[PDB]
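A.B. asks: Mind having a look at this structure? Questions to follow.
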Amino acid sequence: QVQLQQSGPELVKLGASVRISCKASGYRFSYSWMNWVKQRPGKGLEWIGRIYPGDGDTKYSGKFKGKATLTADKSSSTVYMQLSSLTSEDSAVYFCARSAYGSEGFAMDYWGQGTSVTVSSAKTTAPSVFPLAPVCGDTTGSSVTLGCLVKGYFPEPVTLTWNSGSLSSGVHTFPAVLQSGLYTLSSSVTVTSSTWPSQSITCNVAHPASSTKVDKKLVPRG
Amino acid sequence: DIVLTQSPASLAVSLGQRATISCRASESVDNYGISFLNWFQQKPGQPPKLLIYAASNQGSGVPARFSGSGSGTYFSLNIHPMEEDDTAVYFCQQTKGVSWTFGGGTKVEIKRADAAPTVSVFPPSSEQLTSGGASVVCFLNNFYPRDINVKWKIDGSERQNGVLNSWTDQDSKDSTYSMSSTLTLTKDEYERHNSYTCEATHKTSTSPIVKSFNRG
């Protein structure tokens with residue numbers, strides 16, 4: 001049961017440093033290379049470097065030599081990566097991944113969930129979460145679509161759920177859009193006409209940067 | 001570094017058909033009877049997933065319809081039959097050199113029958129209005145093909161400033177696309193217009209797809 005648990009999302013300023021962690025379990029920690037991969041928004045995968053926690057041996061991509069510093073702690077089974085002299089280019093999601101043996105092509109077989117890192121001079125802004133109830137001129141119909149607007153927040157990410165996750169079918173959560181320094185996303189949920197408002201529907205929005213978890217119940221207009 | 005170049009950059013395949021991706025390495029990836037070339041699959045929001053290792057070996061829980069092959073400097077990934085849940089980005093990756101590298105990635109998507117969008121428009125919420133803002137939201141869900149144009153009409157005049165559009169990646173179950181368009185005004189300007197209209201053009205309809213509401 002190999003599992004790689006990465007640290008939470010970060011917001012740091014230009015020229016500063018950041019250090020993210022990757023806690024490993026399910027295998028002998030000190031005898032498998034740990035890699036780090038960069039993925040900027042909408043871009044491809046980019047290999048940074050890898051470390052062997054047994055003896056601290058490290059190998060860096062030429063492009064990241066001097067910016068990335070990999071360390072490993074055997075007591076906590078945790079691998080770290082530090083990025084220095086941060087720029088906007090360094091804003092991205094960073095993954096950790098364990099490499100396999102040579103007979104397996106040194107393939108990165110287990111990955112962490114990724115850590116979002118935003119490098120910017122702007123500060124955190126909690127989202128405004130607005131429920132979107134339908135208009136009166138829909139006749140309800142065979143189905144009904146409900147909305148949830150998450151406006152004016154920074155930085156990424158946010159996690160949006162419906163009915164605390166129990167309502168997952170018929171959901172469309174849209175990618176966040178940046179505008180004037182703030183993000184906005186939306187989510188729609190489609191259900192049977194007789195489901196709502198007889199059955200309660202509520203969207204939940206979590207914004208780790210501001211440590212907020214907001215619930216907004218969908219009530220008909222009127 | 002050993003450079004990996006993939007072809008094509010993007011690909012659309014019908015269900016049940018074969019998808020073929022290629023990966024070309026500037027140097028030999030083999031060493032001692034092993035090809036140090038791996039394939040990864042990444043779906044939106046998720047970390048990459050090991051798909052093929054050592055060129056031709058199935059990853060943990062990877063069905064046989066994914067097939068890797070090749071040696072030296074030329075490798076290829078075949079997916080047959082393509083299934084709905086296989087829309088994703090596929091990368092090749094090499095561990096031969098001291099520094100490891102990824103290919104540029106290949107976006108593979110599904111082709112399916114045309115599907116009309118379900119359009120829904122929402123006026124500003126009571127909570128936003130009381131706060132001094134006013135956003136109008138329009139959802140256009142589960143349509144195909146992805147080509148679609150959306151305009152906002154306020155009392156007949158098109159509004160472009162203040163519009164924020166967002167598109168989902170292809171649905172991994174029904175292979176459709178969805179779009180969300182948000183029009184943001186001040187509460188003051190929202191109060192001095194009557195009809196707000198979400199208008200879309202899509203090949204599944206000969207006329208504009210219209211959802212609107214009239215104040216007052």
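Simple scheme: letters A, B, ... for chains in structure tokens order, numbers from 1 for residues in each chain, numbers from 1 for ligands in the order shown.
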Quick check: residues of chain B within 7 Å of chain A, only C-alpha atoms, returned as a count of residues only.
C.D. replies: 24
A.B. asks: Name all residues at most 10 Å from residue 216 (chain B) (count only C-alpha atoms; drop same-chain ones fewer than 3 positions away) and give them as a PyMOL selection string.
C.D. replies: chain B and resi 193-195+213
A.B. asks: How about saving the chosen residues, N, CA, C and O atoms kept, as an mmCIF file, in the first residue's frame?
C.D. replies:
data_model
loop_
_atom_site.group_PDB
_atom_site.id
_atom_site.type_symbol
_atom_site.label_atom_id
_atom_site.label_comp_id
_atom_site.auth_asym_id
_atom_site.auth_seq_id
_atom_site.Cartn_x
_atom_site.Cartn_y
_atom_site.Cartn_z
ATOM 1 N N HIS B 193 -31.211 47.782 -16.699
ATOM 2 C CA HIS B 193 -31.481 47.023 -17.910
ATOM 3 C C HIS B 193 -32.597 46.036 -17.608
ATOM 4 O O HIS B 193 -32.775 45.614 -16.462
ATOM 5 N N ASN B 194 -33.352 45.674 -18.646
ATOM 6 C CA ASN B 194 -34.528 44.823 -18.483
ATOM 7 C C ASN B 194 -34.238 43.359 -18.802
ATOM 8 O O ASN B 194 -34.349 42.500 -17.922
ATOM 9 N N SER B 195 -33.866 43.056 -20.042
ATOM 10 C CA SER B 195 -33.716 41.677 -20.490
ATOM 11 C C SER B 195 -32.241 41.303 -20.588
ATOM 12 O O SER B 195 -31.451 42.013 -21.222
ATOM 13 N N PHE B 213 -34.052 36.180 -19.269
ATOM 14 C CA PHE B 213 -35.047 36.590 -18.291
ATOM 15 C C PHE B 213 -35.241 38.093 -18.415
ATOM 16 O O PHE B 213 -34.300 38.829 -18.719
#
A.B. asks: Quick one: pull the distance between CA of residue 141 (chain B) and CA of residue 16 (chain B), Å, one decimal.
C.D. replies: 24.7 Å
A.B. asks: Just to confirm, what's the straight-line distance from CA of residue 220 (chain A) to CA of residue 142 (chain A) in Å (one decimal)?
C.D. replies: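 Spanning CA of residue 220 (chain A) to CA of residue 142 (chain A) is a straight-line distance of 17.0 Å.
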A.B. asks: Quick one: distance from CA of residue 184 (chain B) to CA of residue 135 (chain B) in Å, one decimal?
C.D. replies: 4.4 Å
A.B. asks: Excluding residue 169 (chain A) and residues on its chain fewer than 4 positions from it, collect all residues at most 12 Å away from it, counting only C-alpha atoms, and give them as a list in words.
C.D. replies: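 Here the answer would be residues 161, 162, 163, 165, 173, 188, 189, 190, 191 and 192 of chain A; 173 of chain B.
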A.B. asks: May I have the residues within 10 Å of residue 196 (chain B) as a ChimeraX atom specification, using only C-alpha atoms and disregarding those fewer than 5 positions away in the same chain?
C.D. replies: /B:121-123,136,152-157,159,183,190,211-215
A.B. asks: List as JSON, numbers by chain the protein and nucleic acid residues near region 84-90 of chain A, meaning an atom at most 8 Å away when only C-alpha atoms are counted, but skip any in the same chain fewer than 2 places from it.
C.D. replies: {"A": [13, 14, 15, 16, 17, 18, 40, 67, 68, 82, 92, 117, 118, 119, 120]}
A.B. asks: For the selection you just gave me, I'd like the residues written to a file as an mmCIF file, in the first residue's frame, keeping C-alpha atoms.
C.D. replies:
data_model
loop_
_atom_site.group_PDB
_atom_site.id
_atom_site.type_symbol
_atom_site.label_atom_id
_atom_site.label_comp_id
_atom_site.auth_asym_id
_atom_site.auth_seq_id
_atom_site.Cartn_x
_atom_site.Cartn_y
_atom_site.Cartn_z
ATOM 1 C CA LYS A 13 6.413 36.333 -2.750
ATOM 2 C CA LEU A 14 8.828 37.067 -5.578
ATOM 3 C CA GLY A 15 12.431 36.313 -4.654
ATOM 4 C CA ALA A 16 11.482 34.315 -1.550
ATOM 5 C CA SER A 17 11.874 30.563 -1.018
ATOM 6 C CA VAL A 18 9.422 27.712 -0.512
ATOM 7 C CA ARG A 40 2.720 24.745 -14.868
ATOM 8 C CA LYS A 67 17.185 26.651 -7.755
ATOM 9 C CA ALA A 68 16.024 23.271 -6.407
ATOM 10 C CA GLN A 82 13.252 23.830 -1.659
ATOM 11 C CA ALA A 92 2.978 25.533 -10.735
ATOM 12 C CA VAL A 117 2.599 26.760 -5.425
ATOM 13 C CA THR A 118 1.666 30.325 -6.393
ATOM 14 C CA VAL A 119 4.451 32.919 -6.511
ATOM 15 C CA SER A 120 3.003 36.429 -6.408
#
